[PDB]
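In the structure tokens that follow, a single protein chain appears in two forms: structure 1, then structure 2.
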Structure 1
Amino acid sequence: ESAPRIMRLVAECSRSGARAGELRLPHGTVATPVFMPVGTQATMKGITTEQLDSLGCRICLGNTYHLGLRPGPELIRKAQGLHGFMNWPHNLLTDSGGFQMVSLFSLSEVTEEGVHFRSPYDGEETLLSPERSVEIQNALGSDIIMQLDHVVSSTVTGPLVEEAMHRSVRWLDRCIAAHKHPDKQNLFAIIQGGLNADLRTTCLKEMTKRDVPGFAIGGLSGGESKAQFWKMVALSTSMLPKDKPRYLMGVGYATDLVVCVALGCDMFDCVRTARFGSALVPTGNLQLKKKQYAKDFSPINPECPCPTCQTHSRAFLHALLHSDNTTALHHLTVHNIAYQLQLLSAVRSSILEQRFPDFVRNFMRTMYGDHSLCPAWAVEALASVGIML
């Protein structure tokens, strides 16, 4: 008598862990694997709902801490939730509000009651309990909500790692008890345990005993070695239920994305390169502020369908980066989001067509060259699931 599953698998790679699926969410079905941009990153750069929809985005992130400051949960309530406030008709995923985008200067030590925020100049502190985190995310009305976890940096060692991992299990249970309407929002657990294989193993074994609709993989992408990164991802996907989604937080580099799809991950987010003038392309990135682009009249990528590449040249973007930087940053952000969405759409098409191994080889060849020039960790991660370059 388990709860109804929100994901269905439409195809699987026979050698690797790559999966193509669908998430049946209240604001529409989402094809996986899927990259989820932060909605406020797009709107901060002047991207409209229509434009983001036009690029193919069907789920995007809201940042609970920022939304909890401005406009605040009560006002989002009166506005009919986050969907109504921002006039976004597709799916939204919000975090617990205790970690993401919260400055360490704003946090006091975690206790069993919850996260503690500091106010400026010796003012009084504010508590965020697991129960209050769920209530805030109920008011935001997002389609996927995240448990409150005790997050510690991936490069912290000592007893704190185990302590935070177990508190995350306890806060999971409290978030489940507080979430009274699983027919409306999907609560995801977050695997912790750092780089400690035993702790993460324990966290995986214990959290999958809770019947939540999905599981995220936390605690990684915080400065650890790549050797440890991919092994922790693969440890996690080896123990998370196959019939539920695997959401890897904080991974957005193209090579990392492709490898982690091959290890069995379904959903990804990551925070920004457009501010430096970089445009994402199949060979990496183009730094359009370089003088060599001043008279380069070709688009960023002739095969990119984004509005920037069908309208504008490198030369023109290069001139705007200098002369009207705000405008350039809009154009670059539109293309960079387009690139991420097109990468995952192309990844998904290869799994449905049963040609994911060849897609990875083409991707690596274009991105790096000969097998010898590809990152050693990626070669090893991919070889562990039967994809040789």
Structure 2
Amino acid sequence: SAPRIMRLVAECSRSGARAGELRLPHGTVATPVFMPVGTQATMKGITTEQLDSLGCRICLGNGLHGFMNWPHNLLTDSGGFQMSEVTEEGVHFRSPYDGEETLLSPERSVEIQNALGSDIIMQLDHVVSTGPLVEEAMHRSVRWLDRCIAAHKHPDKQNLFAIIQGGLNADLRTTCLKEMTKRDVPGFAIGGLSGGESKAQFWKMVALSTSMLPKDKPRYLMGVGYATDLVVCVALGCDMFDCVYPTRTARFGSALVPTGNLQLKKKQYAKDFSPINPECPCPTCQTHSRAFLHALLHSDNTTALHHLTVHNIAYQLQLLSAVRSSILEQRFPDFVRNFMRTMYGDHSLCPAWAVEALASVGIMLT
């Protein structure tokens, strides 16, 4: 067995919630952790110092540490889902410059990520937009994983994560879980569960994945940022998260709060001279009232997006810090009960999918 990068610090006795820390080359990272998308923050005027002040110790990148001037950890994806036909050789596409046919193979994806110098790297996978081609992409993703592992020639400097496939197909994801688990990679990601319509199928697929992933290795759930989703998925055994949710929420003039969000473009805030949250210690809540942000959203929209994003990212980091603390304090079920009460009002008004999911791990709201 290779050295493990995650140390389990505490567990919830009723549910699957875990509190740990990751040992990465650029410093330790407390888990559960939400990782903001670094470039989405940089393009809105958020600097390294601001992100460091909020306590962020890891974020996602498109070496790369110097290009961003970032002293902490970075996670980079393969680049497939962004950048067309796919064969067994790799992803075929037209370059965004020379305009000629290009190939991104599993070997090339690893070589690119090796040069960037990030601390966690993601395998190249084959994602499809129904028929029997979905199972073929899953088996190709397993073969691509082995080629990534062979091409990764620095396991002591960078950590390669596999990506579980299968979408919403319980039988397909079970096959992928059984096959990828046989490889000794430092961590595992859960793909194909972002932006789904059926919340009931969403949490059942998360529970299926965490029941078969190794306990001593991190579980990274991709594309999840909604507050209730984060709390429920921590109770199911997830350790790492990423989403553009804080960035996207700010583009619509909304600020994340314990009861949902504040739609600051509404006229009811034009004369509200309080902060977004009187208990939030983020810079935006020290200098900006709701009335000011409301005024900026109608004239100087670009400046309002900067301050809303600072707060929305801060909310994410504060949420999981509170989640992690409740696990350490051996009182995570009580945290969830208080969180659902504040967010929705009463057990009768909570979304059914979250009540059933939490009950699956023995956290009752009734």
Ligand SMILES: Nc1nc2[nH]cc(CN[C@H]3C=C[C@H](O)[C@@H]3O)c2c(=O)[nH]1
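Note that the rigid core is defined as the largest set of C-alphas that superpose within 1.5 Å between two forms. Numbers given to residues start at 1 and step along the sequence of structure 1.
Participant: With each form of the chain shown alone, which structure should be assigned as the form deposited without this ligand?
Facilitator: If we ask which form is the one deposited without this ligand, the answer is structure 2.
Participant: Which of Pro241, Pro182, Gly222, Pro305 has its C-alpha displaced by 2 Å or more between the two structures after core superposition?
Facilitator: With the rigid core fitted, the residue that moves is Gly222.
Participant: C-alpha of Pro89: shift of 2 angstroms or more between the two structures, rigid core aligned?
Facilitator: Comparing forms between the two structures, the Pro89 CA shifts below 2 Å.
Participant: Rigid core fitted, then: does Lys290 show a CA shift of 2 angstroms or greater between the two structures?
Facilitator: No, its C-alpha moves less than 2 Å.
Participant: Would you say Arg118 moves its Cα by 2 Å or more between the two structures, aligning on the core?
Facilitator: Yes, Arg118 moves 2 Å or more.
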